[PDB]
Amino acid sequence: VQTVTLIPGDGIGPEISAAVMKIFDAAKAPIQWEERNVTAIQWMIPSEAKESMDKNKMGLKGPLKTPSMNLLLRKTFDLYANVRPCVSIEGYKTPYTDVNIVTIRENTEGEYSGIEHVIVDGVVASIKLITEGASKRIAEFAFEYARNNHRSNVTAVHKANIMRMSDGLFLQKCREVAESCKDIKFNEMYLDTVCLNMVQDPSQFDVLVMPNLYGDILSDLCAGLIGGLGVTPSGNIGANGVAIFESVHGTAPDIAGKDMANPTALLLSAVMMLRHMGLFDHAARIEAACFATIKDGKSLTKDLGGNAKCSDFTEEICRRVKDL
């Protein structure tokens, strides 16, 4: 039995968090949940949340309200890798049906400094940061992710023809790491070509590694291909073995307490969490049960969009996962 820090979050967070905890129970997942609130105080995160996470190493986070509370978590646990698997969902048709992509985004540097200067009146310079160490670290992560998740191919996304020094450096570290892992097939592609190919045939991509700003945009483009943030899982991997898995959809205040919310994103984030800690057999069962439920379509919640309550959708997943 493994303890996982659970941050319900705001709005529908408690509701969809309940659904995931129920489903994990039905699946007999060896997981027990340490619920923590993280609303920022003083600027810091509560003692009681910070201790659990340092000890438990695994965290599951619902949606938060809007210094950002996500920003504090990133600084606090040094969450340097943002990971987003994007897979088309049978039964939730979008015009892109063979998407199976993992975006991996350097999450500490780039223009998220907030560093910006008025040079003279009417002229602003924003400052983007790239470092050798972070680029090496995110590339090592993308190759390790490839190996542990049976991915064949890592593509580095860059504009190293335009930004020779900053993207060239990021590219140079990916290549250096690729020489040590010929296990995985490595190639590199210009941002603009990636965007084109993303809409023309996303089925060609496997694992995409990229600096912070590109990843922020392409990870949302990929989520758009498969149906939006409501069905996208997401992980943040940090230092000291901590990893926080999260909903990236909004809190949805309009529907907060009405048994209407869609727990798929969080659930698949939890499935992502199981895989990160080696519990593949449970991840497989829980994921199958959820996909089988969406494919059936009888119990879809309103945004997926059936005529069903979170409860019924959650109950169906529990039903199906008890049969293995």
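Quick note: we count residues from 1 along the sequence shown, nothing fancier.
Chain break class for residue 47 to residue 48, judged by how many deposited residues have no coordinates | Gap size class: none, per the record.
Could you tell me how many residues of the deposited sequence sit unmodelled between residue 42 and residue 43 (none, 1 to 3, 4 to 9, 10 or more)?
-> 4 to 9 residues lack coordinates between residue 42 and residue 43.
Residue stretch of maximal mean CA temperature factor, 136-144 vs 179-187 = Higher mean C-alpha B-factor in the PDB entry: 179-187.
Which has higher Cα B-factors on average according to the PDB entry: 121-129 or 69-77?
-> Mean C-alpha B-factor is greater for 69-77.
Candidate residues 256, 265, 289, 271, the one whose C-alpha B factor the record puts highest | Among 256, 265, 289, 271, the highest C-alpha B-factor in the entry belongs to 256.
Could you check 236, 166, 240, 100 and tell me which one carries the biggest Cα B-factor in the deposited entry?
-> Of the options given, 240 has the highest CA B-factor in the PDB entry.
C-alpha B factor of residue 159, ranked within the chain: lowest, middle or highest third?
-> Residue 159: CA B-factor falls in the middle third of its chain.
In terms of the chain's CA B-factor thirds, is residue 301 lowest, middle or highest?
-> For residue 301, whose C-alpha B-factor we compare with every modelled residue in the chain, the answer is the highest third.
Looking at the entry's B-factor column for C-alpha atoms only, identify whether residue 203 ranks in the lowest, middle or highest third of its chain.
-> It falls in the bottom third of the chain.
Can you tell me which third, lowest, middle or highest, the CA B-factor of residue 308 falls into for its chain?
-> Tercile = highest for this residue's CA B-factor.
Entry-reported Cα temperature factor of residue 25, expressed as the chain third it lands in | It belongs to the middle third of the chain when residues are ordered by C-alpha B-factor.
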